[PDB]
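# With the input below, show me the fold.
(one chain, ligands or ions: 2)
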Amino acid sequence: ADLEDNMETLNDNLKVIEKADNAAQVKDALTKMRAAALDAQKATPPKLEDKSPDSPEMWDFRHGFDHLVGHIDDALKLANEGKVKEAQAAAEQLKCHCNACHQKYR
Ligand code: HEC
Ligand SMILES: [Co+2]
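Residues are numbered from 1 along each chain as shown. Ligands and ions are numbered 1, 2, ... in the order given. See below for the structure:
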């Protein structure tokens, strides 16, 4: 629902992916992450509450989720092919992007 909930969903499901036993488990976790990222994209983070909704910072925040979703969709392709280790490695690529948004806006 709220931004913090979406972030907890992202964090929890990344851990699910790391411990997963098959690619369908990775797929199910990635699917939840995709929805949480799109929900978070509609939020205004506390650090930007005073900025204009049309500000460059707000568009940058939103675009961070578009890039994250693209990564999730690429990992989903691998998971849907049964490639568990590759899909797990693709999911780890997410982390630098999580951190880059946090450095600016957390
Ligand atoms: C911006 C484009 C973000 C991306 C990509 C990711 N996160 Fe994030 N996260 C973002 C903000 C603005 C905040 C602060 C939220 C607030 O209301 O203060 C956060 C916070 C987190 C947290 C802590 C949330 C909490 O406990 O309340 C976690 C655990 C977290 N984020 C995880 C996380 C992961 C794993 C991401 C990539 C898969 C990720 N975030 C991306 C902004 C953005
Ligand atoms: Co990237």
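
# quick one: the nearest residue to residue 55 once chain neighbours are set aside from ligand 1, how far?
Leaving out its chain neighbours, the residue that sits closest to residue 55 by CB to CB, 6 or more residues apart in numbering is residue 48, at 7.4 Å. In short, each C-beta sits where N, CA and C put it, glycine included. Separation of residue 48 from ligand 1 (CB to the nearest ligand atom, to the nearest Å): 8 Å.

# neighbours around residue 48, how many?
17 (other CB atoms under 10 Å).

# who's in contact with it?
55, 57, 58, 61, 105 (CB atoms under 8 Å, 6 or more residues apart in numbering).

# Which of the residues you listed has the largest number of neighbours?
That'd be residue 61 among those, by other CB under 10 Å, with 21 neighbours.

# could you say which helix or strand contains it?
helix 56-80 (DSSP states H and E).

# can you list the contacts of residue 48 in a markdown table and add distance to residue 68?
Formatted as a markdown table, these follow (distance: CB to CB, whole Å):
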| residue | distance to residue 68 |
| --- | --- |
| 55 | 20 |
| 57 | 17 |
| 58 | 16 |
| 61 | 11 |
| 105 | 13 |
